[PDB]
There are 2 protein chains.
Amino acid sequence: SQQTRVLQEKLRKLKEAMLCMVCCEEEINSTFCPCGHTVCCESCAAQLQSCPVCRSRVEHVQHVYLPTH
Amino acid sequence: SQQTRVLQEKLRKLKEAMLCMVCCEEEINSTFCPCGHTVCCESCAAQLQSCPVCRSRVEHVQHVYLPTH
Ligand SMILES: Cn1ccc(C(=O)NC[C@@H]2CCCO2)n1
Ligand SMILES: Cn1ccc(C(=O)NC[C@@H]2CCCO2)n1
Ligand SMILES: Cn1ccc(C(=O)NC[C@@H]2CCCO2)n1
Ligand SMILES: [Zn+2]
Ligand SMILES: [Zn+2]
Ligand SMILES: [Zn+2]
Ligand SMILES: [Zn+2]
């Protein structure tokens, strides 16, 4: 029904929000520290000097294990 | 249809996986460092000396800003 299409769209949008903002292909699993923005996969987070969201200096990257993974 | 019910169940399970594993009421927004398990809201994470998934000592809690929030 039309309700099935509405739920499919909500599911798709939630799943897309869990994907890396740089490559759009891999799951987010890395946090820029200390700012806390958690928006990249490990490969994309590895060479960034500053956060792509807030421009804060990246002191290090923390790997995250999420129950949605 | 029956697919509306199946999609409603998938959406609910994905949303539940984003909720704190301890209080079951607030969104996950905190990482236990250094292990990386990201399973709690800030209130439950502040009260735990050991990670509830792997039992490693919590050296500190990193707040995470996620696009799914
Ligand atoms: C971050 N974001 C939003 C939407 C998408 C997306 O549709 N990406 C396409 C690829 C194809 C294989 C994995 O997703 N990514
Ligand atoms: C008979 N039954 C048991 C569970 C459901 C169900 O989840 N229905 C889908 C709902 C209706 C509102 C849109 O999603 N139906
Ligand atoms: C972690 N988790 C799994 C399922 C649930 C759950 O159903 N929680 C109930 C509360 C009521 C207000 C917010 O969710 N939580
Ligand atoms: Zn990436
Ligand atoms: Zn940032
Ligand atoms: Zn909690
Ligand atoms: Zn742990």
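Just so you know, ligand 1 is whichever comes first in the structure, and atom 1 is the first atom listed for that ligand. Any value given below was found using the heavy atoms of this structure, including those in side chains, with hydrogens, waters and symmetry copies removed. Order of the sequence lines sets the chain letters (A, B, ...), proteins ahead of strands, with each chain counted from 1.
Residues B:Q2 and B:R5 have side chains that bring a donor and an acceptor to within less than 3.5 angstrom of each other. Counting only N and O atoms by type, the side chains of B:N29 and B:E42 include a donor and acceptor under 3.5 Å apart.
Taking CD of B:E16 as the start and SG of B:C24 as the end, the distance is 9.0 Å to the nearest 0.5 Å. Taking CG from A:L14 and OG1 from A:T68, the interatomic distance works out to 8.5 Å, rounded to the nearest 0.5 Å. Distance check: B:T4 OG1 to A:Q8 CD gives 9.5 Å after rounding to the nearest 0.5 Å.
For atom 1 (C) of ligand 3, the nearest protein heavy atom lies under 4.0 Å away.
Nearest non-hydrogen protein atom to atom 7 (O) of ligand 3 is B:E16 OE2, 4.1 Å. Annotation: atom 13 (C) of ligand 3 to nearest protein heavy atom, B:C24 O, 3.7 Å. The protein non-hydrogen atom at the shortest distance from atom 5 (C) of ligand 3 is B:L19 CD1, 4.0 Å.
The Zn ion (ligand 4) has an N, O or S atom of A:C44 under 2.8 Å away, backbone or side chain. In summary, no N, O or S atom of A:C40 is located under 2.8 Å from the Zn ion (ligand 4).
Angle ND1 (B:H37) to the Zn ion (ligand 7) to SG (B:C54): 110°, rounded to 10°. For the pair SG of A:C23 and SG of A:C20, the angle at the Zn ion (ligand 4) is about 110°; rounding is to 10 degrees.
When all heavy atoms of B:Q62 and A:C35 are compared, the closest pair comes out as NE2-C, 4.2 Å. The two residues B:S30 and B:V61 have their closest heavy-atom pair at CB-CG1, 3.8 Å.
The distance from ligand 3 to the heavy atoms of B:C20 drops below 4.0 Å at these ligand atoms: 1 (C).
Within the 4.0 Å heavy-atom cutoff, B:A17 does not count among the residues contacting ligand 3.
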